[PDB]
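This document contains two forms of one protein chain, each encoded as structure tokens and listed individually as structure 1 and structure 2.
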Structure 1
């Protein structure tokens, strides 16, 4: 759970409080790319929006809906030995908090919903491009009139239509009065705790940038009805949405290793160091996005950005000695100290100074065939590199690794501008 709040605490009580959820199935990327882009490029000026950007992370990592069955069918009867029993108990705690007024759950669904039959793709049994409620009202809620909030939200979405077929409509499922599937579902538990709950569906038949465009129009619409004010730093059209999701300024950081670009990496990275006696889900990880992770696949380890594969790691396990903090280096004529885990920019040349009990291996450069080398003490230029060992496709980024006895001591990266 991540909060999105005003930079000054005084404003938190000044507007209502929304709970925003997505990723309860791992194969619905419109939903969790939208929660991600909201977290990165928007600001909430009054009130609060709490976000769980992906509820079932093990499944998002395996591009699979469910893994332990459906998570959106486990809010009623549930055996105490079920594997996700602890996780739904926590989600139930989040919904039931006093300070939460409203809930929005984001989905991607098949076809295009219509309130009457038209053909196989367009009918009341489909889920795509609609906005959803359990009941027309909820006696006891702060905002009890579900039906009106929905209709004004839909009006807003339709003023910005790309093409005529994507038009939005309302869908009421009348949950308390018949169908037993929605009785086991998330929003029905939420109205039983007297909260106003909603769902948005975008059609699985659209390219990713269009699905996200509509998930963002829906959020922008609902926040307007609740009077939670906001600001974004970009123009909302499909071309601009495509350019923020595929942004060349995105990064990820594994354990104590340095920051790496997300896009334009090589497909496979070899002899990549990782800590021993530590199961893969326990290895720390960081990014300027909220949907990044690691997952074990036979012998390799995969780096994921939502459902996109960004590179395959071929690892090797070794103790991580934390003793070494910094290293001395010359860059474009000037001597300086550089901390373990940095990135540095070079126009012409660099040089590494030697150390006690520490060994250094510049990956892509070599001076002999001895397989545990020490390449401290050489003046090195761009033309001295074997370009195939670069970390990127543009052939400008290279690794430097440090060792002591049988232990890994740290990494640094160089970038040729």
Structure 2
């Protein structure tokens, strides 16, 4: 859970609290890209929005509806030994917190829901583009009138339709009156804790940016009903959403390595240093996005951003010796100390000063066929690189790797600008 909170802690109790969740199915990227963009680009000014951007991260990493079965059928009866049991308890505890008032759960769904049968794509059994409640009223909730809230949220969404077929409709699943097998989902659990709970479906028939657009419209519609004041730093239209999903300023930082751009990496990065003795899901990974991760695939390690494959790492596992903190480098004739893990911009040249006990391998530069070269003490320019070794498709970013005996001492990237 990540908090979207006012800057003044005192403002947290001055409006309602919403819990916003997505990605309970790992192949529903509209939901988890919406929670991502909300975390990255919105501000909450009073009250609080608690966000679990992806409920089923292992499944997301494999572009899969649910590696351990349908996680959204696990909120009622559940075997204590179910692999998702611990996760389910964490989620139920968030839902049932006294400080939470409302719950919004995002999904992507086939076709377009209609309350009367129109055709195979548009009918009451389809799920796309509807706003869903379990029943019209939850007695004892802060906001018991789920129907009024839903109808008003639907008004907001429907003021912004991209095409008439995308019109949102209310779906009331009357869950408590239905079969036992229909009562196993997240929002029904939530209403049983006297929370107002809603699900938003965006149609799987839409491109990703349009799915995310509709999720964001539903989030904004509901925040307006709850009187949780907010801002965003962009205009909400599909082009603008697309631009932010596909933002060139997105980065990932693996372990103690430098930040790397997410987009336009080469599709495969070879001899890529990773810490040894560390299970892939335990390798530290930081990003300015909230849906980035690593996952093993055969002997490769995939860098995932939601369902998007950003690169395939071909790793070599090695001890990450943390002793080396900085390196004396000359950049465009200007001598300086460069921190291990940095990205440095180079207009013309660089030069690494020689070090006792440390060997530098500039990846893409060579002066011999030596397998473990020391390339400190060379003045290096763009023309000296075999471009195929660049980190990026643009052939501008190169790795410098440092070694102390048989251990890895760190990496610095150079970016030719």
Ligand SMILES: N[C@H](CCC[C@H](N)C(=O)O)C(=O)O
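Only residues modelled in both forms are compared. Positions refer to the first chain, counted from 1. Note that the rigid core is defined as the largest set of C-alphas that superpose within 1.5 Å between two forms.
Asker: Structure 1 or structure 2: which matches the form deposited without ligand API?
Answerer: Of the two, structure 2 is the form deposited without ligand API.
Asker: After superposing on the rigid core, which residue among 297, 336, 180, 151 shows a C-alpha displacement of 2 Å or more between the two structures?
Answerer: If I go through the list carefully, the shifting residue is 180.
Asker: If you line up the core, how far does the Cα of residue 239 move between the two structures, in Å?
Answerer: Comparing between the two structures after core fitting, residue 239 shifts 1.2 Å at its C-alpha.
Asker: Aligning on the rigid core, what is the distance the CA of residue 26 moves between the two structures, in angstrom?
Answerer: Its alpha carbon moves by 0.2 Å.
Asker: Taking the rigid core as reference, which runs of at least three consecutive residues show Cα movement of 2 Å or more between the two structures?
Answerer: Segment displaced between the two structures after core fit: 179 to 182 only.
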